[PDB]
$ cat structure36.cif   # mmCIF, C-alpha atoms (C1' of nucleotides)
data_start
loop_
_atom_site.label_atom_id
_atom_site.label_comp_id
_atom_site.auth_asym_id
_atom_site.auth_seq_id
_atom_site.Cartn_x
_atom_site.Cartn_y
_atom_site.Cartn_z
CA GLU A 378 89.81 145.95 208.65
CA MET A 379 92.56 143.78 207.15
CA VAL A 380 90.42 140.66 206.68
CA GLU A 381 87.35 142.54 205.40
CA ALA A 382 89.56 144.18 202.77
CA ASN A 383 91.53 141.02 201.87
CA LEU A 384 88.88 138.29 201.62
CA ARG A 385 88.91 138.90 197.86
CA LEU A 386 92.64 138.17 197.49
CA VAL A 387 91.90 134.88 199.27
CA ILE A 388 89.05 134.02 196.90
CA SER A 389 91.14 135.09 193.87
CA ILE A 390 94.00 132.79 194.89
CA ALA A 391 91.58 130.04 196.02
CA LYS A 392 89.46 129.73 192.87
CA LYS A 393 92.53 128.52 190.93
CA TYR A 394 93.21 125.64 193.37
CA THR A 395 89.91 123.76 192.92
CA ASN A 396 91.10 120.59 191.14
CA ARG A 397 88.27 118.36 192.47
CA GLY A 398 90.08 117.10 195.57
CA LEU A 399 87.35 118.26 197.97
CA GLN A 400 84.48 120.77 197.94
CA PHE A 401 85.86 124.27 197.64
CA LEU A 402 84.11 125.98 200.58
CA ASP A 403 86.51 124.20 202.94
CA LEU A 404 89.31 125.56 200.74
CA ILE A 405 87.84 129.07 201.15
CA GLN A 406 87.73 128.60 204.94
CA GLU A 407 91.30 127.25 205.05
CA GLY A 408 92.41 130.18 202.89
CA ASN A 409 90.81 132.52 205.43
CA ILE A 410 92.70 130.73 208.23
CA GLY A 411 95.90 131.09 206.20
CA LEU A 412 95.16 134.78 205.73
CA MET A 413 94.80 135.12 209.51
CA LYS A 414 98.08 133.27 210.08
CA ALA A 415 99.82 135.47 207.49
CA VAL A 416 98.52 138.69 209.07
CA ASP A 417 99.58 137.47 212.54
CA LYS A 418 103.22 137.31 211.44
CA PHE A 419 103.59 140.23 209.04
CA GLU A 420 106.55 142.63 209.12
CA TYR A 421 106.74 146.32 208.22
CA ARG A 422 110.47 147.09 207.88
CA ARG A 423 110.87 144.80 204.84
CA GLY A 424 109.24 147.23 202.41
CA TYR A 425 107.61 144.58 200.22
CA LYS A 426 103.92 144.00 199.56
CA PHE A 427 101.81 141.69 201.73
CA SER A 428 100.49 139.50 198.89
CA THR A 429 103.85 137.89 198.06
CA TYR A 430 104.43 137.02 201.72
CA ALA A 431 100.85 135.79 202.24
CA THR A 432 100.85 133.66 199.07
CA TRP A 433 103.29 131.11 200.54
CA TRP A 434 101.27 130.82 203.76
CA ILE A 435 97.95 130.43 201.96
CA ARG A 436 99.44 127.84 199.58
CA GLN A 437 100.80 125.97 202.62
CA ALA A 438 97.30 126.08 204.13
CA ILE A 439 95.66 124.81 200.92
CA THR A 440 98.37 122.13 200.61
CA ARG A 441 97.85 120.80 204.14
CA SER A 442 94.06 120.94 203.67
CA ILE A 443 94.19 118.97 200.41
CA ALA A 444 96.68 116.55 202.03
CA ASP A 445 94.83 116.27 205.36
CA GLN A 446 92.23 113.65 204.47
CA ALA A 447 92.08 113.59 200.62
CA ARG A 448 90.24 110.20 200.63
CA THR A 449 88.09 108.08 202.90
CA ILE A 450 91.34 106.84 204.48
CA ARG A 451 94.28 108.58 206.16
CA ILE A 452 97.45 109.08 204.11
CA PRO A 453 100.42 111.13 205.42
CA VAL A 454 101.81 114.23 203.74
CA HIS A 455 105.16 112.73 202.66
CA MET A 456 103.36 109.83 200.97
"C1'" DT B 1 35.55 142.53 204.05
"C1'" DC B 2 36.60 137.83 200.29
"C1'" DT B 3 37.76 133.74 195.65
"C1'" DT B 4 41.34 133.18 191.41
"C1'" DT B 5 46.65 133.46 189.29
"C1'" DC B 6 50.86 132.62 190.41
"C1'" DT B 7 55.63 129.71 193.83
"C1'" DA B 8 57.26 124.81 195.57
"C1'" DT B 9 57.05 119.15 197.70
"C1'" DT B 10 54.79 114.35 197.47
"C1'" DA B 11 53.40 110.63 193.80
"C1'" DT B 12 53.65 104.58 190.41
"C1'" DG B 13 55.08 97.76 191.19
"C1'" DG B 14 58.39 94.21 191.70
"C1'" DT B 15 58.96 90.38 190.65
"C1'" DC B 16 62.13 86.66 186.43
"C1'" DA B 17 67.43 89.06 186.35
"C1'" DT B 18 71.79 90.97 183.05
"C1'" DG B 19 77.69 92.43 182.44
"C1'" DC B 20 83.13 95.16 183.06
"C1'" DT B 21 85.02 99.15 186.78
"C1'" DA B 22 88.00 104.33 186.79
"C1'" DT B 23 87.57 109.57 185.98
"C1'" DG B 24 93.00 115.37 184.62
"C1'" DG B 25 96.92 117.03 189.16
"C1'" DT B 26 99.00 120.53 192.20
"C1'" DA B 27 106.80 122.14 196.94
"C1'" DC B 28 110.38 121.20 199.56
"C1'" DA B 29 113.86 121.84 204.32
"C1'" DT B 30 115.21 120.67 209.60
"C1'" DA B 31 112.95 118.00 213.49
"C1'" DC B 32 112.61 114.75 217.29
"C1'" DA B 33 110.59 110.61 218.97
"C1'" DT B 34 107.24 106.34 218.62
"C1'" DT B 35 107.54 101.73 216.81
"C1'" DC B 36 109.31 97.25 214.52
"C1'" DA B 37 113.11 93.91 214.60
"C1'" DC B 38 116.80 91.44 216.29
"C1'" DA B 39 120.95 90.12 220.34
"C1'" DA B 40 121.12 87.58 225.15
"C1'" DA B 41 119.57 85.80 229.77
"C1'" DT B 42 115.81 84.02 233.39
"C1'" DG B 43 112.59 81.05 234.76
"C1'" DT B 44 109.86 77.39 235.32
"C1'" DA B 45 109.35 73.35 232.13
"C1'" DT B 46 109.19 68.89 230.26
"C1'" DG B 47 111.14 63.84 230.16
"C1'" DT B 48 114.74 60.05 231.92
"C1'" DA B 49 115.94 57.09 236.25
"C1'" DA B 50 114.87 54.58 241.15
"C1'" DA B 51 112.31 52.99 245.82
"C1'" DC B 52 107.80 51.06 248.58
"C1'" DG B 53 103.16 48.85 248.64
"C1'" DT B 54 99.42 46.33 247.32
"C1'" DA B 55 96.36 46.31 243.11
"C1'" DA B 56 96.93 40.83 244.54
"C1'" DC B 57 96.96 35.14 242.85
"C1'" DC B 58 97.79 30.44 242.50
"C1'" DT B 59 98.71 26.51 245.67
"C1'" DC B 60 97.07 23.14 249.38
"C1'" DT B 61 94.90 21.24 253.54
"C1'" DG B 62 90.71 21.07 256.55
"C1'" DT B 63 85.43 21.61 257.46
"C1'" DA B 64 80.87 20.68 255.60
"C1'" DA B 65 76.70 19.08 252.83
"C1'" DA B 66 75.14 16.02 249.22
"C1'" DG B 67 74.37 11.96 246.06
"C1'" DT B 68 74.56 6.53 247.25
"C1'" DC B 69 74.62 1.93 249.62
"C1'" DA B 70 75.66 -1.76 254.32
"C1'" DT B 71 71.76 -3.36 257.56
"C1'" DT B 72 66.71 -5.22 258.94
"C1'" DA B 73 62.18 -6.19 258.66
"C1'" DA B 74 57.01 -4.89 256.48
"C1'" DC B 75 54.24 -6.40 253.63
"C1'" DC B 76 53.03 -9.74 250.02
"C1'" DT B 77 52.90 -13.14 246.11
"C1'" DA B 78 52.87 -17.97 247.31
"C1'" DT B 79 51.49 -22.87 249.99
"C1'" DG B 80 48.05 -25.82 253.04
"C1'" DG B 81 43.58 -26.16 255.56
"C1'" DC B 82 38.83 -25.31 256.85
"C1'" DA B 83 34.14 -22.76 256.41
"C1'" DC B 84 30.62 -21.16 252.70
"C1'" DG B 85 27.30 -20.53 249.50
"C1'" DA B 86 25.56 -22.21 245.14
"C1'" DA B 87 23.54 -26.02 242.33
"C1'" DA B 88 21.39 -30.19 241.79
"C1'" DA B 89 19.01 -34.48 243.80
"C1'" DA B 90 15.14 -35.90 246.82
"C1'" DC B 91 10.61 -36.15 248.74
"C1'" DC B 92 6.14 -34.19 250.46
"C1'" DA B 93 1.65 -31.49 249.88
"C1'" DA B 94 -2.28 -30.49 246.96
#
$ encode --input "structure36.cif" --output "structure tokens"
Amino acid sequence: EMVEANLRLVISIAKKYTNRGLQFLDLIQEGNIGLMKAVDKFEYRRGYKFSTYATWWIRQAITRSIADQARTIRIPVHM
DNA sequence: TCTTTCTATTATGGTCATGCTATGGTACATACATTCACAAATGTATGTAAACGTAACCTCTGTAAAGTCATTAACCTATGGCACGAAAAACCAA
């Protein structure tokens, strides 16, 4: 029920990170994986909304996806 | 029960070959260990001497086979002597 009601937050934050690094369906899938990893470690006693906490995780997912291959060769993340 | 009016892939050649190469960006903070790069020591390594033996190797005397030259006598041009066969003189028959 969480993922079927928050796929659209993922696509809304994922359609602004499509700067021609790779085809964007992999970015949609990695955003869904980041949504899963943000739901798996979500707290209730904080009192804040879930989007601000999930934004950092989904940007980390999109960052590691765009820095995973990024070329035909392998370049590390720090480089 | 049956033929037209629409919704999508194949198709047509290459030989003679051309120049100058990239195009926009979008976070950091601990982390623990694999890997490159030098100290220092081992170990087998290479290159310098020294001893024995025969690869031998020329030197010299003795045994052996091959060109030649002492004999001695076999044949062979000579000499003397005696048959021999031709050539001319003689005499007889018709």
$ closest_atom_pairs --input "structure36.cif" --of "chain A" --to "chain B" --cutoff "9 Å" --atoms "all atoms listed in the file" --output "JSON lines"
{"residue": "A:394", "atom": "CA", "partner": "B:26", "partner_atom": "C1'", "distance": 7.8}
{"residue": "A:396", "atom": "CA", "partner": "B:25", "partner_atom": "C1'", "distance": 7.1}
{"residue": "A:440", "atom": "CA", "partner": "B:26", "partner_atom": "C1'", "distance": 8.6}
$ atom_distance --input "structure36.cif" --atom1 "CA of residue 385 in chain A" --atom2 "CA of residue 421 in chain A"
21.9 Å
$ closest_residue --input "structure36.cif" --among "A:425, A:434, A:387, A:444" --to "residue 406 in chain A" --atoms "all atoms listed in the file"
A:387
$ atom_distance --input "structure36.cif" --atom1 "CA of residue 411 in chain A" --atom2 "CA of residue 433 in chain A"
9.3 Å
$ residues_around --input "structure36.cif" --residues "residue 409 in chain A" --least-positions-apart "2" --cutoff "12 Å" --atoms "all atoms listed in the file" --output "JSON, numbers by chain"
{"A": [379, 380, 381, 383, 384, 385, 386, 387, 388, 389, 390, 391, 402, 403, 404, 405, 406, 407, 411, 412, 413, 414, 415, 416, 431, 432, 434, 435, 436, 438, 439]}
$ axis_aligned_box --input "structure36.cif" --around "range 417-424 of chain A" --padding-each-side "3 Å" --output "JSON"
{"center_x": 105.2, "center_y": 142.3, "center_z": 207.5, "size_x": 17.3, "size_y": 15.9, "size_z": 16.1}
$ atom_distance --input "structure36.cif" --atom1 "CA of residue 452 in chain A" --atom2 "CA of residue 437 in chain A"
17.3 Å
$ decode --input "structure36.cif" --residues "range 66-79 of chain B" --atoms "N, CA, C and O atoms (P, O5', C5', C4', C3', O3' and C1' of nucleotides)" --output "PDB file, in the first residue's frame"
ATOM      1  P    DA B  66     109.166 -54.725 -55.903  1.00  0.00           P
ATOM      2  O5'  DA B  66     110.050 -53.672 -56.716  1.00  0.00           O
ATOM      3  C5'  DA B  66     109.831 -52.247 -56.578  1.00  0.00           C
ATOM      4  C4'  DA B  66     111.033 -51.445 -57.035  1.00  0.00           C
ATOM      5  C3'  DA B  66     111.619 -51.831 -58.393  1.00  0.00           C
ATOM      6  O3'  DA B  66     111.488 -50.695 -59.261  1.00  0.00           O
ATOM      7  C1'  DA B  66     113.357 -51.775 -56.676  1.00  0.00           C
ATOM      8  P    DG B  67     111.504 -50.842 -60.874  1.00  0.00           P
ATOM      9  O5'  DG B  67     112.310 -49.546 -61.347  1.00  0.00           O
ATOM     10  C5'  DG B  67     113.303 -49.594 -62.402  1.00  0.00           C
ATOM     11  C4'  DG B  67     114.541 -48.816 -62.016  1.00  0.00           C
ATOM     12  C3'  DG B  67     115.800 -49.201 -62.797  1.00  0.00           C
ATOM     13  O3'  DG B  67     116.453 -48.192 -63.546  1.00  0.00           O
ATOM     14  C1'  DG B  67     116.152 -49.490 -60.431  1.00  0.00           C
ATOM     15  P    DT B  68     117.135 -48.643 -64.939  1.00  0.00           P
ATOM     16  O5'  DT B  68     118.651 -48.990 -64.561  1.00  0.00           O
ATOM     17  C5'  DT B  68     119.529 -48.061 -63.884  1.00  0.00           C
ATOM     18  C4'  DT B  68     120.729 -48.773 -63.296  1.00  0.00           C
ATOM     19  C3'  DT B  68     121.634 -49.505 -64.291  1.00  0.00           C
ATOM     20  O3'  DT B  68     122.959 -48.996 -64.165  1.00  0.00           O
ATOM     21  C1'  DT B  68     121.175 -50.867 -62.363  1.00  0.00           C
ATOM     22  P    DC B  69     123.898 -49.025 -65.420  1.00  0.00           P
ATOM     23  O5'  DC B  69     125.067 -50.066 -65.085  1.00  0.00           O
ATOM     24  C5'  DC B  69     125.916 -49.841 -63.961  1.00  0.00           C
ATOM     25  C4'  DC B  69     126.457 -51.149 -63.405  1.00  0.00           C
ATOM     26  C3'  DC B  69     127.327 -51.960 -64.370  1.00  0.00           C
ATOM     27  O3'  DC B  69     128.481 -52.451 -63.687  1.00  0.00           O
ATOM     28  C1'  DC B  69     125.583 -53.308 -63.540  1.00  0.00           C
ATOM     29  P    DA B  70     129.902 -52.474 -64.435  1.00  0.00           P
ATOM     30  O5'  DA B  70     130.700 -53.636 -63.689  1.00  0.00           O
ATOM     31  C5'  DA B  70     131.289 -54.733 -64.421  1.00  0.00           C
ATOM     32  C4'  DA B  70     131.551 -55.896 -63.491  1.00  0.00           C
ATOM     33  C3'  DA B  70     131.806 -57.230 -64.195  1.00  0.00           C
ATOM     34  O3'  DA B  70     133.142 -57.697 -63.979  1.00  0.00           O
ATOM     35  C1'  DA B  70     129.958 -57.419 -62.613  1.00  0.00           C
ATOM     36  P    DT B  71     133.870 -58.613 -65.086  1.00  0.00           P
ATOM     37  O5'  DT B  71     133.632 -60.101 -64.564  1.00  0.00           O
ATOM     38  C5'  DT B  71     133.441 -61.202 -65.482  1.00  0.00           C
ATOM     39  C4'  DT B  71     132.391 -62.148 -64.947  1.00  0.00           C
ATOM     40  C3'  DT B  71     132.016 -63.294 -65.893  1.00  0.00           C
ATOM     41  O3'  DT B  71     132.429 -64.588 -65.434  1.00  0.00           O
ATOM     42  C1'  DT B  71     130.039 -62.070 -65.179  1.00  0.00           C
ATOM     43  P    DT B  72     133.297 -65.542 -66.351  1.00  0.00           P
ATOM     44  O5'  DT B  72     132.334 -66.760 -66.724  1.00  0.00           O
ATOM     45  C5'  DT B  72     130.917 -66.757 -66.448  1.00  0.00           C
ATOM     46  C4'  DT B  72     130.126 -66.954 -67.722  1.00  0.00           C
ATOM     47  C3'  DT B  72     130.940 -67.432 -68.921  1.00  0.00           C
ATOM     48  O3'  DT B  72     130.162 -68.589 -69.200  1.00  0.00           O
ATOM     49  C1'  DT B  72     129.584 -65.518 -69.508  1.00  0.00           C
ATOM     50  P    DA B  73     130.708 -69.748 -70.078  1.00  0.00           P
ATOM     51  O5'  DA B  73     129.713 -69.835 -71.327  1.00  0.00           O
ATOM     52  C5'  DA B  73     128.309 -69.620 -71.133  1.00  0.00           C
ATOM     53  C4'  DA B  73     127.647 -68.985 -72.357  1.00  0.00           C
ATOM     54  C3'  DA B  73     128.110 -69.503 -73.722  1.00  0.00           C
ATOM     55  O3'  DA B  73     126.993 -69.548 -74.611  1.00  0.00           O
ATOM     56  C1'  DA B  73     128.344 -67.183 -73.665  1.00  0.00           C
ATOM     57  P    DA B  74     126.078 -70.842 -74.786  1.00  0.00           P
ATOM     58  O5'  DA B  74     124.764 -70.273 -75.501  1.00  0.00           O
ATOM     59  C5'  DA B  74     124.337 -68.934 -75.233  1.00  0.00           C
ATOM     60  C4'  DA B  74     123.407 -68.415 -76.321  1.00  0.00           C
ATOM     61  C3'  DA B  74     123.348 -69.256 -77.582  1.00  0.00           C
ATOM     62  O3'  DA B  74     122.098 -69.041 -78.245  1.00  0.00           O
ATOM     63  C1'  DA B  74     124.553 -67.226 -77.997  1.00  0.00           C
ATOM     64  P    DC B  75     121.791 -69.689 -79.686  1.00  0.00           P
ATOM     65  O5'  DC B  75     122.151 -68.512 -80.710  1.00  0.00           O
ATOM     66  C5'  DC B  75     121.316 -67.359 -80.761  1.00  0.00           C
ATOM     67  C4'  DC B  75     122.018 -66.171 -81.403  1.00  0.00           C
ATOM     68  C3'  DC B  75     122.139 -66.210 -82.927  1.00  0.00           C
ATOM     69  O3'  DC B  75     121.953 -64.898 -83.417  1.00  0.00           O
ATOM     70  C1'  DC B  75     124.239 -65.869 -82.015  1.00  0.00           C
ATOM     71  P    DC B  76     121.264 -64.671 -84.847  1.00  0.00           P
ATOM     72  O5'  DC B  76     122.000 -63.377 -85.419  1.00  0.00           O
ATOM     73  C5'  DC B  76     122.884 -62.581 -84.606  1.00  0.00           C
ATOM     74  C4'  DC B  76     124.117 -62.205 -85.393  1.00  0.00           C
ATOM     75  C3'  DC B  76     124.018 -62.519 -86.887  1.00  0.00           C
ATOM     76  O3'  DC B  76     123.894 -61.294 -87.621  1.00  0.00           O
ATOM     77  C1'  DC B  76     126.130 -63.317 -85.958  1.00  0.00           C
ATOM     78  P    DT B  77     123.257 -61.176 -89.147  1.00  0.00           P
ATOM     79  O5'  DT B  77     124.551 -60.887 -90.043  1.00  0.00           O
ATOM     80  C5'  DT B  77     124.991 -59.536 -90.356  1.00  0.00           C
ATOM     81  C4'  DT B  77     126.465 -59.313 -90.082  1.00  0.00           C
ATOM     82  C3'  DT B  77     127.415 -59.475 -91.278  1.00  0.00           C
ATOM     83  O3'  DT B  77     127.788 -58.255 -91.940  1.00  0.00           O
ATOM     84  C1'  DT B  77     128.521 -60.039 -89.180  1.00  0.00           C
ATOM     85  P    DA B  78     129.011 -58.271 -93.048  1.00  0.00           P
ATOM     86  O5'  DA B  78     130.520 -58.389 -92.527  1.00  0.00           O
ATOM     87  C5'  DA B  78     131.528 -59.149 -93.258  1.00  0.00           C
ATOM     88  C4'  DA B  78     132.682 -59.536 -92.358  1.00  0.00           C
ATOM     89  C3'  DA B  78     133.787 -60.379 -93.011  1.00  0.00           C
ATOM     90  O3'  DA B  78     135.078 -59.752 -93.091  1.00  0.00           O
ATOM     91  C1'  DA B  78     132.932 -61.470 -91.000  1.00  0.00           C
ATOM     92  P    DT B  79     135.869 -59.635 -94.505  1.00  0.00           P
ATOM     93  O5'  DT B  79     136.587 -61.052 -94.691  1.00  0.00           O
ATOM     94  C5'  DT B  79     137.842 -61.323 -94.024  1.00  0.00           C
ATOM     95  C4'  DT B  79     138.130 -62.795 -93.805  1.00  0.00           C
ATOM     96  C3'  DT B  79     138.359 -63.692 -95.025  1.00  0.00           C
ATOM     97  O3'  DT B  79     139.710 -64.158 -95.053  1.00  0.00           O
ATOM     98  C1'  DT B  79     136.985 -64.810 -93.342  1.00  0.00           C
TER      99       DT B  79
END
